[PDB]
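*Asks:* Okay, handing you the structure first.
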Amino acid sequence: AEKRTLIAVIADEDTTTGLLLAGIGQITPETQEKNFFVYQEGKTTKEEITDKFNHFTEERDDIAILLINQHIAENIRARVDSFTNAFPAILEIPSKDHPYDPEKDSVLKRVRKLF
Amino acid sequence: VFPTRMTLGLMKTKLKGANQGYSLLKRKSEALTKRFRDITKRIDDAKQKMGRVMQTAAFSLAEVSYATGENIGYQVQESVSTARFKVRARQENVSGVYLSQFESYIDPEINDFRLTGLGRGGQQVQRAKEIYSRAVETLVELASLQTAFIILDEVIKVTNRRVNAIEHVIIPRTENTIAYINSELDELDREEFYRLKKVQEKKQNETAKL
Amino acid sequence: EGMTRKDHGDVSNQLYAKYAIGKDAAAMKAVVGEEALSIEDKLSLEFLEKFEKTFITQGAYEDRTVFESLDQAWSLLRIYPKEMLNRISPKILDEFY
Amino acid sequence: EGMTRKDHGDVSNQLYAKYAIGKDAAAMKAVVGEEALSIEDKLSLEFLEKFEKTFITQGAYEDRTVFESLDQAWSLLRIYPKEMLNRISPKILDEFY
Amino acid sequence: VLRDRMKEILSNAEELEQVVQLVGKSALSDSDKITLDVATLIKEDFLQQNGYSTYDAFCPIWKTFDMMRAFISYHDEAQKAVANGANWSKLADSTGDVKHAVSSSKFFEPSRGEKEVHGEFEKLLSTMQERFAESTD
Amino acid sequence: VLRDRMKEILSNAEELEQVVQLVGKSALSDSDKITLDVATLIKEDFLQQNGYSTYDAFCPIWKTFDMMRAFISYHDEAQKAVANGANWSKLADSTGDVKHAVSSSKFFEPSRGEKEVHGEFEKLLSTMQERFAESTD
Amino acid sequence: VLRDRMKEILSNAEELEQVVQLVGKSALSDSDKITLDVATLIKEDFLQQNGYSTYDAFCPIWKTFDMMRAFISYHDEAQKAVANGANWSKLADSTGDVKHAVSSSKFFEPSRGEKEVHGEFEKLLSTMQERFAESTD
């Protein structure tokens, strides 16, 4: 159970900034590696998001819940779908100025088939 | 090949083991999918609800970032070195299976970060954090069901395979094996009686003629 | 009547069906646990233990006349509401729960 | 004990119980999945193979000392805690293990 | 009285074992776990004995009764203890000292109390009662 | 060496095949996934000797040896390649054409190369070795 | 014609019930739901009897004929209308009086139209047609 109490973020810069101010993530004091990843839309390559994905899910283990923007999650669709674990939780929420889509939501796809 | 002489007794109990498993496991399966459905409708709504809240808090924060004439987010990244909103984990029995549940705590031993006092620009950040702490709490409390959901999704798939397997394979194997052995078995008892009767007939003939 | 009652037939249907369901409930309880079980299954469980331990169980020198038996039956069945009792005519069900 | 040891009868008794569980755990392993496994059983699955392929196996020309046989028994048993043992009196065990 | 309870512990264990084999354990009631545990004790002390019990040359009725009496008392206190609230695990950990003591019963021979009634088992009942007190609160 | 390796490939295949049918192939690892696949090829190619040729019906002692050797070299190389980092699906895809060629080998006459020991089987050894380097990395 | 179509509706339904169990009702269309209803009627009207009236006690060839004619007639129009822009829920609320009437035919006399050809059915064809105009529109 308890061995994890950070919420990590893959989101647009404003959303992330806000979330941190509110206090969820951190820049660790003995790894000196962020436990959040900011994204400049369209200006950041799809390959850099993927490294960061691996980082929160696997290369870190203190991540409880992994938050991820629908716009961003779609770009790296392959890696998200392949992640099916509950440790950390994958919870896709709408991106900033983007509406809900059931098909940018990895878990909802999974659930629908084989009900 | 399986033992011919009185396997019947063991093989009957195999059937009773199998049988008990179909009913019980089907009850268990039935109950998990009944729950699963309930969660489905909750999770679907909760995604839409989080999205609205996250976009509104994000836009108020964005407006402020632009008005002050400096990017607040850089200031914010140095100061973040703790997290106010954390989770504490619990395992909860939802049916026989343990699912992950989370209950959120806000550290009251954690002060406000210093990103205020910037002048007129500082007022703007000060109002901004207050809407956002409220908003962020939403995302986490709703998120507790998701982790339980994903697990629930994996376990039901395994429990579903097991019912199908016992029903199709296991039970008919117990029927066919039982039957094969029965057919040989009854014949050993019957032929004996015929053997006895044939020898006795010869005997009766000899004895009668005296 | 006169060595039975009219209400004898309807009751025979309620108790058999509820009992069967009680056995099924015992197996489910072991699996799900006590703190994760259904209401309907919980009732069926309660019935199993009382049914066994009161109706079937009687002492060596205790005579159970048919009139006596039928009363003990209504106490057991009472735990279910009227909503879950239905293989019984509402006439009876209103007389004796 | 004069041409064997006193533990010869105890050390044999332990190895049957563990081998028996390992064999049932194997059958269950196929049908349901790894869902019915428990800590003791996983250990028992390994024990089965370990025993089969080291203990029982030997060359045609090979012959074996009884005292030797007994150290190889102990060795296989060394992968289980002592609290899980019970077909050996705690006195006997303490001396040879 | 002891006969009925002896029967009940053995009886429920066989049915719960069948659910254990097929479904597995991921859950098994607080009460159900207790029954299994205590039934192991009965196997080990009674059912197993033939050159494994250092006293077995003749065993009196009183001694048998006294031994079983400790097992049954441990059972009722334990099931009550989970229901009035106290975790199953806290309950195993606190019973501790006495639980071993009943596990070890089988080697013990009449040498205390009477010539057929044994003091170690009589002592045991009262200490059990004290364990329940620690365990519920 | 080939007699011991032949028994071993079939024997492992049998145990795993029960686990796949009832439980799923989800429990199994990629090396054991391979075990089923190499073994399947041996079923279709060896056992089937009805043919429509006298080359698919007569397999000399030498023709039988080359075939078995080629197939084991595959299995050993295959368990390693997935072990130092490759998939059952990925491995299957890379050999691909080279796998068909070993299946269809049996149809080919034995009277070529040295005697029944063809150059067709000898070159095939090198192509497996090469494939191994690709598969792993 | 009527009889082959009757066998098929009961067969197809069984399969559609299995889906209700596993997935539920969130993967079934208006047309599949309609199959279920027709099947329930066939079963109700024919299979269930108990001597409710002196019309269950004896039934002629004609009454048997009129019952199934009514069920197929509804089946084709109803499925057609959901294809053309209607809902099972819609079909249900409007059908109301005509649909209860066909279910209850078994209590009533068959002697309504003539003397053994049933009038409760003959009028139904006209009402079901009229029903379908309203349903599509």
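*Asks:* Pick from B:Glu30, B:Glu63: which is part of a helix (DSSP H, G or I) and more than 27 Å from the chain's Cα centre (by Cα)?
*Replies:* Numbers: B:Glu30 fails: more than 27 Å from the chain's Cα centre (by Cα).
Answer to the selection: B:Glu63.
*Asks:* Check whether at least one residue in segment B:60-78 is surrounded by 18 or more Cβ atoms within 10 Å (Cβ to Cβ), more than 8 Å from chain A (Cβ to nearest Cβ) and within 30 Å of C:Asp41 (Cα to Cα), and report yes or no.
*Replies:* So far as segment B:60-78 goes, no, none of its residues is surrounded by 18 or more Cβ atoms within 10 Å (Cβ to Cβ), more than 8 Å from chain A (Cβ to nearest Cβ) and within 30 Å of C:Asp41 (Cα to Cα).
*Asks:* Among the candidates D:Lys50, D:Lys23, D:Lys29, which residue alone is of a type in the set (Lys, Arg) and closer than 29 Å to E:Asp45 by Cα? Break it down stepwise before answering.
*Replies:* Working: D:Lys50 fails: closer than 29 Å to E:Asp45 by Cα; D:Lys29 fails: closer than 29 Å to E:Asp45 by Cα.
It is D:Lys23.
*Asks:* Within segment B:21-55, can you find the residues that are more than 10 Å from chain A (Cβ to nearest Cβ), out of contact with any helix residue (DSSP H, G or I) (no Cβ under 6 Å at 6 or more places or on another chain) and farther than 30 Å from A:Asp12 by Cα?
*Replies:* Of everything in segment B:21-55, those that are more than 10 Å from chain A (Cβ to nearest Cβ), out of contact with any helix residue (DSSP H, G or I) (no Cβ under 6 Å at 6 or more places or on another chain) and farther than 30 Å from A:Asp12 by Cα turn out to be B:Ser23, B:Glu30, B:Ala31, B:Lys34, B:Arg35, B:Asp38.
*Asks:* From F:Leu41, F:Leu28, grab the single residue that is more than 14 Å from chain D (Cβ to nearest Cβ) and in contact (Cβ under 8 Å) with a residue 12 or more places away in the chain.
*Replies:* Values: F:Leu28 fails: more than 14 Å from chain D (Cβ to nearest Cβ).
None of the others qualify; the one that does is F:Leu41.
*Asks:* A further question follows. Only one residue in F:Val19, F:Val1, F:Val23 is farther than 30 Å from B:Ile171 by Cβ and of a type in the set (A, V, I, L, M, F, W, C). Which one?
*Replies:* F:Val1
*Asks:* Under 7 Å between Cβ atoms, which residue pairs at least 6 apart in sequence (or on different chains) link something in segment G:72-87 that is under 13 Å from G:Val102 (Cβ atoms) with a partner that is of a type in the set (D, E, K, R) and not in a loop (DSSP other than H, G, I, E, B)?
*Replies:* Going by the 7 Å Cβ cut-off, the qualifying pairs are G:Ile72/G:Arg5.
*Asks:* Something else now. Any idea how many residues of segment B:79-100 are facing chain A (nearest Cβ under 7 Å) and of a type outside the set (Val, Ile, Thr)? Give the steps one after another, and end with the answer.
*Replies:* As a first pass, look at segment B:79-100 and keep what is facing chain A (nearest Cβ under 7 Å): B:80-91, B:100.
So of that shortlist, the ones also of a type outside the set (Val, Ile, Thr) come out as B:81, B:83-86, B:88-91, B:100.
Selection size over segment B:79-100: 10.
*Asks:* Tell me which of these F:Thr127 doesn't satisfy, since it passes every other one: (1) surrounded by 13 or more Cβ atoms within 10 Å (Cβ to Cβ); (2) in contact (Cβ under 8 Å) with a residue 60 or more places away in the chain.
*Replies:* (2)
*Asks:* Kindly establish whether B:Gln126 is touching a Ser or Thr at 6+ places or on another chain (Cβ under 8 Å), more than 8 Å from chain A (Cβ to nearest Cβ), surrounded by 14 or more Cβ atoms within 10 Å (Cβ to Cβ) and not small (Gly, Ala, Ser). Spell out how you get there, then give the answer.
*Replies:* Details: touching a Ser or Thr at 6+ places or on another chain (Cβ under 8 Å): yes; more than 8 Å from chain A (Cβ to nearest Cβ): yes; surrounded by 14 or more Cβ atoms within 10 Å (Cβ to Cβ): yes; not small (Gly, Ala, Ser): yes.
Yes.
*Asks:* At least 3 residues that are without any contact (Cβ under 8 Å) to a residue 40 or more places away in the chain in each: list the strands (runs of 3 or more DSSP E) lying fully within segment A:1-94 that qualify.
*Replies:* Details: elements: A:6-12, A:37-39, A:63-69, A:89-93.
In segment A:1-94, the matching strands (runs of 3 or more DSSP E) lie at A:37-39, A:89-93.
*Asks:* If you don't mind, there's one more thing I want to ask. Looking at A:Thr17 and the list (1) in contact with a strand residue (DSSP E or B) (Cβ under 7 Å, 6 or more places away or on another chain); (2) among the polar types (S, T, N, Q); (3) buried (at least 21 other Cβ atoms within 10 Å of the Cβ), which single condition is not satisfied?
*Replies:* (1)
*Asks:* Follow-up. Out of the residues in segment A:61-115 that are more than 8 Å from every other protein chain (Cβ to nearest Cβ) and among the β-branched types (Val, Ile, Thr), state the one that is nearest to A:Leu19 (Cα to Cα).
*Replies:* Step by step, filter segment A:61-115, then rank; the result is A:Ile68.
*Asks:* All but one of (1) in a helix (DSSP H, G or I); (2) in contact with a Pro (Cβ under 8 Å, 6 or more places away or on another chain) hold for F:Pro110; state the number of the condition that does not hold.
*Replies:* Against the list (1) in a helix (DSSP H, G or I); (2) in contact with a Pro (Cβ under 8 Å, 6 or more places away or on another chain), F:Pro110 comes up short only on (1).
*Asks:* A follow-up question, please. Answer with yes or no whether F:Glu14 is farther than 22 Å from F:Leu91 by Cβ, within 14 Å of chain D (Cβ to nearest Cβ) and loosely packed, with under 15 Cβ neighbours inside 10 Å. Steps first, answer last, please.
*Replies:* Numbers: farther than 22 Å from F:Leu91 by Cβ: yes; within 14 Å of chain D (Cβ to nearest Cβ): yes; loosely packed, with under 15 Cβ neighbours inside 10 Å: yes.
Answer is yes for this residue.
*Asks:* Something else now. Restricting to segment B:101-123, give me the number of residues that are over 30 Å from B:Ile39 (Cα atoms) and more than 8 Å from chain A (Cβ to nearest Cβ).
*Replies:* Taking segment B:101-123 and keeping what is over 30 Å from B:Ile39 (Cα atoms), we get B:108-123.
Subset that is more than 8 Å from chain A (Cβ to nearest Cβ): B:108-109, B:111-112, B:114, B:116-123.
Residues in segment B:101-123 being over 30 Å from B:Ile39 (Cα atoms) and more than 8 Å from chain A (Cβ to nearest Cβ): 13 in total.
*Asks:* I need a count of the residues in segment B:138-180 that are more than 12 Å from chain A (Cβ to nearest Cβ) and out of contact with any helix residue (DSSP H, G or I) (no Cβ under 8 Å at 6 or more places or on another chain).
*Replies:* Adding up the residues that qualify gives 7.
*Asks:* When you check E:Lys99 against the structure, is it within 13 Å of the chain's Cα centre (by Cα) and either in contact (Cβ under 8 Å) with a residue 60 or more places away in the chain or assigned to a helix (DSSP H, G or I) (or both), yes or no? Spell out how you get there, then give the answer.
*Replies:* Working: within 13 Å of the chain's Cα centre (by Cα): yes; either in contact (Cβ under 8 Å) with a residue 60 or more places away in the chain or assigned to a helix (DSSP H, G or I) (or both): yes.
So E:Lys99 passes the test.
*Asks:* Could you check segment F:82-129 and list, in sequence order, the residues that are farther than 30 Å from F:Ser26 by Cβ and among the acidic types (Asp, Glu)? Lay out the reasoning, then the answer.
*Replies:* Kept after step one, since they are farther than 30 Å from F:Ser26 by Cβ, are these residues of segment F:82-129: F:101, F:104-127, F:129.
Passing the criteria: F:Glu109, F:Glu114, F:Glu116, F:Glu120, F:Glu122.
Values in this text are rule-based calculations from the coordinates and carry no lab data. Here the Cβ is made from the backbone with ideal geometry for all residues, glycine too, and neighbour counts use every protein chain on show.
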